[PDB]
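Below: one structure, written as structure tokens.
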Amino acid sequence: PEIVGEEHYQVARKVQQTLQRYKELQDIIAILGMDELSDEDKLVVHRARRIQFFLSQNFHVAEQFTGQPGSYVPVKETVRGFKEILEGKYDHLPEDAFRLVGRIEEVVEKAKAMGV
Amino acid sequence: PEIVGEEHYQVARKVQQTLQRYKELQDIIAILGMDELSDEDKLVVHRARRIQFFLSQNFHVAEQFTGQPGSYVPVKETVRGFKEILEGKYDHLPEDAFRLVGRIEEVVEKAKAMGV
Amino acid sequence: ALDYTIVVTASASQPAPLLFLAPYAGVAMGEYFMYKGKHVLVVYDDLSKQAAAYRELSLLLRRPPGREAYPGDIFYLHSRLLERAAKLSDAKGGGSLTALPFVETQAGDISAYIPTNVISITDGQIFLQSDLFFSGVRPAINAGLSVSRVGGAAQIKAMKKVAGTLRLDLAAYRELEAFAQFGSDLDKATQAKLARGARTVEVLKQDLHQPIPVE
Amino acid sequence: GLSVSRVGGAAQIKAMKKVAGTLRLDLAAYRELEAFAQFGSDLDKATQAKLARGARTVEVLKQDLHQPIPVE
Amino acid sequence: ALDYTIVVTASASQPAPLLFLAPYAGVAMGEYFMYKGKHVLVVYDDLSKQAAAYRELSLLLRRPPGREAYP
Amino acid sequence: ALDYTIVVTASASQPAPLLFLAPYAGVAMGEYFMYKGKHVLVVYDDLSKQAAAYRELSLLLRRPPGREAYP
Amino acid sequence: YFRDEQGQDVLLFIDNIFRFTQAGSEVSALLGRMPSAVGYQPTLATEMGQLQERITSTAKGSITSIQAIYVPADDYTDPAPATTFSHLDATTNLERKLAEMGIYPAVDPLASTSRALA
Amino acid sequence: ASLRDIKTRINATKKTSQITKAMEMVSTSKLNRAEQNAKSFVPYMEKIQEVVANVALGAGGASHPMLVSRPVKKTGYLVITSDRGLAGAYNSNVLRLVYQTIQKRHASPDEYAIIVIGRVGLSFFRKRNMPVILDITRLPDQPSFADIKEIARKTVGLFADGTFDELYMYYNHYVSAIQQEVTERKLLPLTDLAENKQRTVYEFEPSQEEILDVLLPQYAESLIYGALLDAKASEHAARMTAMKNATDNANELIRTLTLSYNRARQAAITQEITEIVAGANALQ
Amino acid sequence: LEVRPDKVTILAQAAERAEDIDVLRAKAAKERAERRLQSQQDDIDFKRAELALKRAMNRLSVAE
């Protein structure tokens, strides 16, 4: 907290906490499915898929692999984007709209082009 | 039965059977409760608590820490005591008064020392 | 903290005998004050990095390997070190030397050779787990698997009276949290002690480099 | 279930061959259904008869020390 | 049963060659009655101890080890 | 296809040294045309059977092996 | 001899080809060689090749070999199954269920595969 | 990679496979008895359906308040869920469809009312703070007409008080062992009543209006009980399918873990013999 | 009741046999007891099987 700041640190640790809880729920999801989770674990999985896919990013170097031009996300904007994912602002968007996307407005426009 | 006798073998065997049956009810007692225990198993937990507390002794060594003088219990008296607990002779006694006693007459003298 | 501490450093660029002889130099520096009546704390920040250097200088002196190519006397290597951390009698002066060795594990495998060599020497162990580190519980002490072998005789009486029921509340929470992962909504007493245990977990968290006094 | 005799059948007498071949099947059908009898009514006539005969042949195959029983 | 039984013993305190040569003494006692027409039952209580003892003998004789250091 | 291709064979019955030098003979026959300006395709059928044979050839030289007993 | 001098098609049954590999492993352990992957000889593929490359079809005749394989530890990736399977062309899985049903031979029709079925 | 840990994980998932297979077998037996209860109910429903057809559809007879369509000031909802879990999407599909229709066409908390059957739907509408009048909790696996008779009598009499003005049912229709489609069915008023094959006329013994006053609540109660038997059959079929899918997932986990077990035991054997022969070569 | 000249069938919500007006009430008083005994038996059997499943998946999650 003394280096990246307080807000950066709380967003980072809450991202890691939801991803750790989803890693813990992997076995119940693998055998019994999403059906038996107790309505906060469903929310943990529902946010952690979005967080895990908003960690992926398009690169400038990966333009030769996919054709997508690639992005450069500043630190304030990725902290703001992950904070807005953690607040529940983007639960209504589909989870494939978060893959390979620089900032969170590009999540919005990709979900808009998908048809949500 | 060639080494300990037949009576000692069947008494210790019935003690092991009721303690195994009490071990395989622990999640049901801890989660669901005593009221849902489907009696002919509530008698098993009723006798198994009194058996597993009668398995403890007052040691001669622990006289310096408790004041209780300690006991040396022969094998015939402990087979007779566990047989009398398995027969249901001492189900009317409380769940305590089996704690830290030597023989089975000490159970009824400790139980009438508490007013029972 | 440098008013009272000594830092012995044997780093990675230094040769293997310096990593081999760093804990023994630390214990000799501790025993100088232990045999004067003073109380010494010694921390070995990775004792599994002493075993690799001793493995190196044994295999280069053409000594035969053993399990995981460590030599035969690697248990004796750690136990000769850790049995010099004692609390002396009043006739010897009264001084003590408490030790805190560290062992790094690989993918949480506490059943490896150097972890089970050093677990069998020490008077208890403290398990730090990443599964609890990334769930918010920092310090990551797995309070169920972590054993204290002296424990209770170490504590003061005020810590003893209340830790005796902290341990019961947290063990009950650890036992009943398994039946609240999915399914069918445990009753009010079990949820009451689940809430007790969750507040116990929130009590046992701290932050970095701010210790609390005993009171 | 895990044990096997690679001679078996050539070893037994004629009175044991007639009777042991169905106790093998009763133990197979019981040990495949022993873990399913702790809870629930699976089937009232076809499965509970298998569980009944298996729980009795387990008690048939129990012995005590130093009392060998003749094959008759 | 000791009217028709021979007992061969090699305890844990006996040297590893006696542990190694106990079952071969068993069949050496059995084949004498087998080649006379009699019927013999030979019981080898824990041949895994013989495997461990012959592992010990081969390793002290520094024969090259194999899987689990058995020869 | 044999108007332009070369088959370099080192079969399963051949000793491990001929199994070890098959792909190196393949590139040595390809680089003649590579450094003349031509374009060469070289296919190695089962390089895992080269790695197994080099493992054989080095364990027979008594070289200390690593993961999966490979050198 | 009957492949070469007589020029006819010969069967060659090897009951439990796994015993060949483990006897080679034992001879290698007696010879003092350093062990290969798992407990097998370094020359496992070379000994298996020197065995099963003489079981071939020439212009004179043929030798076609039906071989039993043990597959230890129920593991088809163990090196002694894995080097035999690089020489096999067909598998005839014999099943207990088809034998108890009254079908002889008890060759499991779905489990049995062949490279020649093309 | 921790061979002992892999084998303990294999044994744990084999134990879960055995338990979910036992629960699949129990749900097969309960599905058999639930479809037996449905086929034992069906002649009563056939007879009361043809009697309601011949009375209410012959010679006018639309004077009863349960035939006419009144303007809706409120709207009742009858939701049939399970008491017990471990069905896959038996409860969730019905509760999502009820939530979608209520949030789609009302947008007001006093314009509707919810009658739940089951604890899952009851806890759902208490988490989401919706008004629930009738509640019935902890039904048997094989329910008879008595418990649903008292709550269906309360439901139809609460329509007769002038409160609901219409109501709908929501349940899982047992189409097959796999499907379990969700149906919205309008309980009251009886506007969609269909005519039978032989339209016969009765001699209404007091009058037709009195026999409708006493008979149309019994037709609505029989509709509720038929929907509840269909929902219990689809519940046991859904739990059967869920436990079958759980055993299939557990067995696929078993085969991938035995692949990992074989790789780890191979690595353990070669690592230990490399150590033994290194210690032997160290001496010479 | 609906009576046709061959279809005099009776649709009753509860039809006893024992020829007395109060024996249906006594049968209802007995079947309510049997019914809540079954309503508790089914629930405790499901929760016992679910405890078995929850412990068996606990051991899977601990095994890692």
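For this structure, a couple of remarks:
- Total charge dipole magnitude, the stretch H:25-241, about the Cα centre, Cβ charges on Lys, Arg, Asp, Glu only, Debye to nearest 20: 1040
- Ascending list, in nanometres, of distances separating the A:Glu105 label from those of the other copies (7 Å, Cα toward Cβ): 9.4
- Taking all Cα pairs closer than 8 Å and separated by 6 or more residues, the relative contact order of chain C comes to 15 percent.
- Taking amide H atoms as placed 1.01 Å from N in the peptide plane, the amide H of H:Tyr77 lies under 5 Å from those of H:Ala113, H:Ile114, H:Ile115, H:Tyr168, each 5 or more residues away in sequence or on another chain.
- Whole-number percent relative contact order across chain B, with pairs defined as alpha carbons under 8 Å at least 6 apart: 26
- With both labels modelled 7 Å from their Cα along Cα-to-Cβ, the B:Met114 to G:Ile14 distance reads 7.7 nm.
- Whole-Å distance, taken between Cα centres, linking the stretch H:180-232 and the stretch H:240-284: 64
- Rel. contact order, % - alpha carbon contacts under 8 angstrom, at least six apart, chain H: 33
- Working note: 222 nm ellipticity from helices only, DSSP H runs with n ≥ 4, each -39,500 (n - 2.57), summed and divided by the residues of chain A, gives -18000 deg cm²/dmol to the nearest 500.
- Across C:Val43, C:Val162, C:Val137, mean-square fluctuation computed from a Gaussian network of chain C (C-alpha pairs under 10 Å connected) peaks at C:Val162.
- Peptide F:51-58 has a mean of 4 when you count, residue by residue, the C-beta atoms of other protein chains within 10 Å of its C-beta.
- Within the protein assembly as shown, DSSP assigns beta bridges of which about 45% are antiparallel (rounded to the nearest 5).
- Think of it as helices only: each DSSP H run of n ≥ 4 in chain H is worth -39500 (n - 2.57), and spread over all residues that comes to -21500 deg cm²/dmol at 222 nm.
- For residues of C:104-110, the mean tally of beta carbons on other chains within 10 Å: 2
- When each of C:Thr98, G:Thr46, E:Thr5 is scored by the number of other beta-carbon atoms lying within 10 Å, the sequence from fewest to most is E:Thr5, C:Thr98, G:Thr46.
- A cut-off of 5 Å between modelled amide H atoms, ignoring neighbours fewer than 5 places along the same chain, links H:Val182 with H:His173.
- Charge dipole magnitude, Cβ of K and R +1, D and E -1 - chain G, Cα centre, debye nearest 20: 160
- For the stretch A:1-84, radius of gyration divided by Kirkwood radius, i.e. Rg to Rh on alpha-carbons: 1.08
- If you take the Cα centroid of the stretch H:27-72 and the Cα centroid of the stretch A:1-51, the two points sit 49 Å apart.
- When each of the peptides I:36-48, H:218-230 is scored by the mean number of other C-beta atoms lying within 10 Å of its residues, the order from highest to lowest reads H:218-230, I:36-48.
- Alpha-carbon centroid distance for the pair chain D / the stretch C:38-105, whole angstrom: 58
- Among G:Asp9, D:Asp42, a tally of other beta-carbon atoms within 10 Å of each Cβ gives an order, fewest to most, of G:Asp9, D:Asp42.
- Note on H:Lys149, C:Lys188, H:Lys127, H:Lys232: ascending count of other Cβ atoms within 10 Å places them as C:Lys188, H:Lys127, H:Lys149, H:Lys232, the fewest first.
- Helical content of chain F, expressed as a calculated mean residue ellipticity at 222 nm, amounts to -12500 deg cm²/dmol (DSSP H runs of 4 or more residues, -39,500 (n - 2.57) each, divided by residue number, nearest 500).
- Using the Cβ of C:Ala172 as centre and a radius below 10 Å, the other residues enclosed give a net charge of +1, where K and R count +1 and D and E count -1.
- Mean partner shielding of peptide C:65-75, defined as the number of other chain Cβ atoms within 10 Å of each residue Cβ, is 2.
Rule-based calculations on the coordinates, nothing more; no lab input. Every residue, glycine among them, receives a Cβ derived from its backbone with ideal geometry; neighbour counts consider all protein chains shown.
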